[PDB]
Amino acid sequence: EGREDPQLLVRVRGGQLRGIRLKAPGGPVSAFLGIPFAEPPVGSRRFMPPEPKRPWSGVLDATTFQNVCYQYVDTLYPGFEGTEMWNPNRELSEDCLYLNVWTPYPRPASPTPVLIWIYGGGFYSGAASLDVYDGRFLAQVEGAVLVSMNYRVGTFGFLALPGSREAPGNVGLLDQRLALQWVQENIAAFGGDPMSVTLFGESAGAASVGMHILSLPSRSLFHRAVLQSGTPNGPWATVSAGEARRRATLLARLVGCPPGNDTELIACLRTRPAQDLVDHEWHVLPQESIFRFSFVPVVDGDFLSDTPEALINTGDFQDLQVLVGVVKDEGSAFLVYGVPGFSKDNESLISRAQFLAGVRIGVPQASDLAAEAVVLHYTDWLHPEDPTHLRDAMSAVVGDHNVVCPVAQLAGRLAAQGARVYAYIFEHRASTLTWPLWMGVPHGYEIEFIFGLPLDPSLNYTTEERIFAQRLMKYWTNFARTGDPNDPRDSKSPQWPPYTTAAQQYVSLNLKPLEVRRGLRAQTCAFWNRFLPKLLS
Amino acid sequence: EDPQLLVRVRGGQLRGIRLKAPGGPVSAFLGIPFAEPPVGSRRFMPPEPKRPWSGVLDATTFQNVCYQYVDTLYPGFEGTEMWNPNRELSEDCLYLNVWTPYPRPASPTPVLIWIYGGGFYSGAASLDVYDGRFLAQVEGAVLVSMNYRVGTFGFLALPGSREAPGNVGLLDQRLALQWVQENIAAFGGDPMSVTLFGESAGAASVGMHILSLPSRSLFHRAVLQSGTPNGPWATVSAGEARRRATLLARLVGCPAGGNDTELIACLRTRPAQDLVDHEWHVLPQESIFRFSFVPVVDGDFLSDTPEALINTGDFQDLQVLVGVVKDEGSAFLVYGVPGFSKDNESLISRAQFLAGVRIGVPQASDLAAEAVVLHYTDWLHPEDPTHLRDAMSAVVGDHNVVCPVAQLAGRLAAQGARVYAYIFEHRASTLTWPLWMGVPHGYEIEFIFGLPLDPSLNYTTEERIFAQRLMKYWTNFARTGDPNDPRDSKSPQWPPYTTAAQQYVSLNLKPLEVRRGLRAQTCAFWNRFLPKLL
Ligand SMILES: Nc1ccc2c(c1)c(-c1ccccc1)[n+](CCCCCCc1cnnn1CCNc1c3c(nc4ccccc14)CCCC3)c1cc(N)ccc21
Ligand SMILES: Nc1ccc2c(c1)c(-c1ccccc1)[n+](CCCCCCc1cnnn1CCNc1c3c(nc4ccccc14)CCCC3)c1cc(N)ccc21
């Protein structure tokens, strides 16, 4: 046939695809949703590296989002858009290694910069099919080819018996590398420039992006990287070999797979229903905690030849261009998932006791001395009992420790070692946010703006937000295009300068024009990055 | 003979001198002896009261300065010399001075007693900056200052011994205090309204009288300026004093030991200058704002450590005035911290800053020292010399003065005392120290004493009015326990310092500003965290 829209028929290397023509506000875009890039990682392939997708015959239908990787569904606030917007919107299946491509309609005559999105979700949840990752706007408005992939999360993606053949760990990264490889090979068929691939992701996806920066076999598959609210370095994005070994073994035991070599154990895990692994995942953490996740990248001496901090300290990043940044309230969201005293349904004014308790959960790896050091640092000694400040300090601790200071260390090390870094703080609370006021601009809530959702008039964003969304997409795609988020023509708008060790410049993203600022929580991050380590004894 | 200049005290008759103050005449009784000269066998010993004398004792001049180390850092430089002895040195130095109004006050006047500082190793009540003349004349106060023994002579202790029990300098002071109870009325002072006030070491001495029950009946109120009994430099342990006494004895040929009595006997046979010669050689570490012989925690004068005493004391009917100058640490830097001098802007390196902290917090472990550095670095301008220099100064001032002051203020206030706190931020126009030193340790005294009221000293009109303000606060404080002017009904009120609000006031040329929290975050570092690095 024959009768179909010729713009929707594309041949990639596994065979032919039929895409779908979608409405964006400013006009039509092409979508090729659910292109499979790996062999379904099921049965004997669980815990195993992805294998490239074997070619198919006929025209593969690529008009709808394919399955979401097997994962824990958040039931903290039943019916609450604030949590439900992050939950899976397609069937849960182990057969989920699919990707998506948005492109202009009609596809552009000459090659186009390619953004590749990697979702977040604590390496345990996430799905490229979620409303907030909808590439139609970037495609229609900026003329960009945008690609997002599903990668295996949780045990399926990250359970590791390091040194083993049957479960070597890091397979979720490997799924992402494979989507990356696929783009090199096929994106041209859609008018993307494979010589201009920019990786971007937020939170665990941001951490992912950083891992690709740090893994030799991924460096050839992209040219530019964007890390939103996450990093490879830090207390949560990786575990050591021993700790991953401990967690896998403990989970194995929990589902009735007693540990005594690795083959028997992994074989037994492979016989277990996927829902059983998910049901037991949370139980392997070493302490009561927040912003920690059971199955995450392992420092395997393979994908990661050393710890991320060792590699950012000694890596040569002679031109790499990265844009890094944070939201105003990185910590706030985490507090409702565990910390007593905190809730979305009230003001969360906590007591000093609740605060000391929170710091323990919030910095679980820290001794008595160190936890008391954090508390002394974040206490306002002028009002040391004030419920509002205590609440906000709890939020700042979780935020600073897990996101802001890792981001600061990242920028600093990169910049000091050849990279062109652009740094930002995103301060706009959405008008449409359902979370309470006290949470500020929570973790994840710049994404809807970077992706352009406010441009959809049916979504009820303000005109200001629509103009803002447009500004943001211009920064992002200018950066993709050029390595520089500035417009080479628009001299009147204030310029966004690179981040450097000498001046530590970064910009505010809010409804007002760009304001340049110096030092990203410089003083407090000296605490977390330089001092708190030295409380090693 | 002028009857106004003739007083009979318990030991006999005294002849004063009428002195010229700007606004009128004052009566001075200088060099009154309050103790048997603590010489020969009485060296290292508590003071005995002065024996009665015959006829009329000439009290028209300052008496000898207690034997001390004379500063030779910058010879003849005003900034340093103004602290050096301005009379002959002598172990025979237990003399006090009284300035009173001319004529003698008609009714009992509040009495204000000054105790100089000098790191318990130097000082003298005869120094130009402690001139009682102005407060006498202008505010009508009877002002009293004593010499007390310093250095080995005042504070060498072999604790538990009969012949060198330690703290005798403090006992000298206590005896001057007793003398005031017994005699001041004779000069028109009210023995029922005595305010102790002192700066630096003198401030810590005042603090020690607060914490020592036998001193408490000799005064009703206190003022601690840039100094505290608590904190890193004002006391030593019994074991630590023993060690330095012993080491000093070794350094001068004495006697090894063997026997306390024997060791002290030998020390007593040594010329004063021999003791001073080796005074500086007994410190455990390279350091600054540490002093060889200082009060000892004897379990007698000081029943426990000042820390223990302020934590658990009852200070219900006590009024205290405490404060600090803007740049407590700056002066100390020129005394041994490499890279610092008065003769240039002193723009140090990072290495110099890290080396300075070791010196500055001598007791500090490797980790504790790094905690300090990481706390005081401006992570935005990490290697800027101006920032490092100012930081080095801040470290020393905070560690030794401001946070100790902050801690004392809070304990007292929590435990019944009525506390008023200040930061003094005016740089005297006459200052011969360089700009980068700011308002150095000890340059508020000048103002409190009323020196800018003497037109010959070339202070500005502004400064004379500022000095007048200050004398009103202090003497209002002596008068009532409240530095506020109960006449002026037109703000801005100086509020009591409390744990809750932490209110204190800026003392500068502009009218009182009320600030809250005296380096609250930085002193949490120093007072709460840092102990926990044991
Ligand atoms: N009784 C049980 C049984 C099993 C599990 C349970 C509890 C909990 C838990 C729930 C409530 C309170 C305490 C613990 N967690 C807690 C995981 C921590 C969730 C923190 C929020 C977060 C952080 N990154 N991804 N997510 C998941 C939710 N998706 C979001 C995302 C983002 N931002 C936000 C912001 C607000 C709310 C949600 C949200 C941004 C990036 C992508 C996802 C789990 C974590 C596991 N790894 C496995 C099982 C369970
Ligand atoms: N070669 C030798 C031999 C013997 C001694 C020597 C050096 C030094 C020294 C000198 C220069 C550099 C390094 C060490 N100090 C250290 C002096 C420590 C005091 C530093 C400043 C200070 C603090 N409190 N009193 N003083 C003495 C100077 N008097 C002042 C005072 C005050 N303010 C100031 C302000 C600026 C300059 C001086 C000054 C206010 C209160 C009273 C005195 C001594 C200390 C001793 N305890 C014994 C002997 C010597």
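Cβ sites come from the backbone with ideal geometry, for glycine too, and all protein chains shown count toward neighbours. Each value in this text was obtained by applying a stated rule to the coordinates, not by laboratory testing.
Could you please report the charge total around B:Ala364, scoring K, R as +1 and D, E as -1 over all other residues with beta-carbon less than 10 angstrom from its beta-carbon?
Once all neighbours under 10 Å are counted, the net charge is -1.
Loop only by DSSP, 12 or fewer other Cβ within 10 Å of the Cβ. Give me the GluC sites (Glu not before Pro) in segment B:270-310 that pass, ordered by residue number.
Answer in residue order: B:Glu286.
Which of B:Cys93, B:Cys523 comes first, and how do the rest follow, when ranked by fewest Cβ neighbours within 10 Å?
B:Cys523, B:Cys93
Could you pull out every residue, at least 5 positions away or on a different chain, whose amide H is within less than 5 Å of the one on A:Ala38? Hs are placed 1.01 Å off N in the peptide plane, and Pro or chain starts have none.
Excluding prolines and chain starts, which carry no amide H, the hits are A:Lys53.
Rounding to the nearest 20 debye, state how big the charge dipole of the protein assembly as shown is about its Cα centre with +1 on each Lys and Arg Cβ and -1 on each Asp and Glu Cβ.
So the dipole magnitude of the protein assembly as shown works out to roughly 160 debye.
Counting only other chains, what is the mean number of Cβ atoms within 10 angstrom of the Cβ of each residue in peptide A:347-355?
Going residue by residue through A:347-355 and averaging, the value is 0.
What are the residues whose amide H is under 5 Å from the amide H of B:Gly189, where those residues sit 5 or more places off or on another chain and H is modelled from the backbone?
Under 5 Å from the amide H of B:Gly189 lie the amide H atoms of B:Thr109, each far enough along the sequence or on another chain.
Give me the dipole magnitude in Debye, nearest 20, for chain B about the Cα centre, with unit charges on the beta carbon: positive for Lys and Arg, negative for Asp and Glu.
980 debye
Could the peptides A:49-61, A:110-122, A:199-211 be put in order, highest first, of the mean number of other beta-carbon atoms found within 10 Å of their residues?
The most tightly packed comes first, giving A:199-211, A:110-122, A:49-61.
Please work out the ratio of the alpha-carbon Rg of segment A:97-187 to 2.2 N^0.38 Å and round it to two decimals.
Taking N as the residue count of segment A:97-187, the ratio is 1.24.
Apply the Karplus curve 6.51 cos²θ - 1.76 cosθ + 1.60, θ = phi - 60°, to the phi angles in segment B:365-379 and return the couplings in whole Hz, x for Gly and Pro.
Whole-Hz 3J(HN,Hα) from phi for segment B:365-379: 5, 4, 5, 4, 5, 5, 4, 4, 3, 5, 6, 9, 5, 8, 5.
Could you tell me which of rounded, prolate or oblate describes segment B:339-452, using a ≥ b ≥ c as the square roots of the eigenvalues of the alpha-carbon gyration tensor, with rounded for a/c under 1.5 and, failing that, prolate when a/b is larger than b/c and oblate otherwise?
In terms of gyration-tensor shape, oblate.
Using θ = phi - 60° and the Karplus form 6.51 cos²θ - 1.76 cosθ + 1.60, what ³J(HN,Hα) does each residue of segment B:14-26 get, whole Hz, x for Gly and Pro?
So the Karplus estimates, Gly and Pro as x, are 10, 10, x, 10, 8, 10, 8, 10, x, x, x, x, 10 Hz.
Skipping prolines and chain starts, which residues have an amide H placed within reach, meaning under 5 Å, of the one on B:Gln13, given they are 5 or more residues away or on another chain?
HN-HN under 5 Å from B:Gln13: B:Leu57.
Counting other Cβ atoms within 10 Å of each Cβ, which GluC sites (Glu not before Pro) in segment B:79-116 have at most 14 and sit in a DSSP loop?
Qualifying residues, ordered by number: B:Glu88.
Calculate for chain B the 222 nm mean residue ellipticity that helices alone would give, adding -39,500 (n - 2.57) per DSSP H run of length 4 or more and normalising by residue count, nearest 500 deg cm²/dmol.
Roughly -8500 deg cm²/dmol at 222 nm, from the helical runs in chain B.
How do B:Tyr148, A:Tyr77 line up, fewest other C-beta atoms within 10 Å first?
The order, fewest Cβ neighbours first, is A:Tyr77, B:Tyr148.
Over all residues in B:513-523, what is the mean tally of Cβ atoms on other chains that come within 10 Å of each residue's Cβ?
Mean shielding count: 2.
In what sequence, highest mean first, do B:126-137, B:387-398 appear when ranked by Cβ atoms within 10 angstrom?
B:387-398, B:126-137
Cα centroid distance between segment B:145-199 and segment A:1-50, in Å?
94 Å
For segment A:132-280, what are the per-bin percents of Cα-Cα distances with bins 10 Å wide, up to the bin holding the maximum?
Result, from short to long distances: 10, 34, 29, 19, 7, 0 percent.
Taking every alpha carbon pair in the protein assembly as shown, what does the distance histogram look like in 20 angstrom bins from 0, in percent?
Computed distribution, short to long bins: 12, 34, 24, 19, 10, 2, 0.
Quick check: from the Cα gyration tensor, does segment A:253-382 come out rounded (a/c under 1.5), prolate or oblate?
It is oblate, given that a/c is not under 1.5 and a/b is not larger than b/c.
Provide the per-residue ³J(HN,Hα) series for segment A:170-186, in order, calculated from phi with Karplus coefficients 6.51, -1.76, 1.60 and θ = phi - 60°, each as a whole number of Hz, with x at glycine and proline positions.
6, 5, x, 5, 4, 4, 5, 4, 7, 4, 4, 5, 3, 6, 3, 7, 10
If you take every DSSP beta bridge fully contained in the protein assembly as shown, what fraction is antiparallel? Give it as a percent rounded to 5.
40 percent
Mind running the shape call on segment B:1-90? Use the C-alpha gyration tensor, a ≥ b ≥ c as the square roots of the eigenvalues: rounded below 1.5 for a/c, prolate if a/b tops b/c, oblate otherwise.
oblate
With 10 angstrom as the radius, rank B:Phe291, B:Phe153 by how many other C-beta atoms surround their C-beta, starting from the fewest.
The fewest-first ordering by Cβ neighbours comes to B:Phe291, B:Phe153.
Take the Cα of A:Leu9, step 7 Å along the line toward its Cβ, and report every residue of segment A:83-108 whose backbone nitrogen sits under 18 Å from that point.
What the label zone holds, given the 18 Å backbone N cut-off, is A:106-107.
Tell me the Kirkwood hydrodynamic radius of segment A:184-223 in angstroms, computed as one over the mean inverse distance between distinct C-alpha pairs.
Kirkwood radius, segment A:184-223: 10.9 Å.
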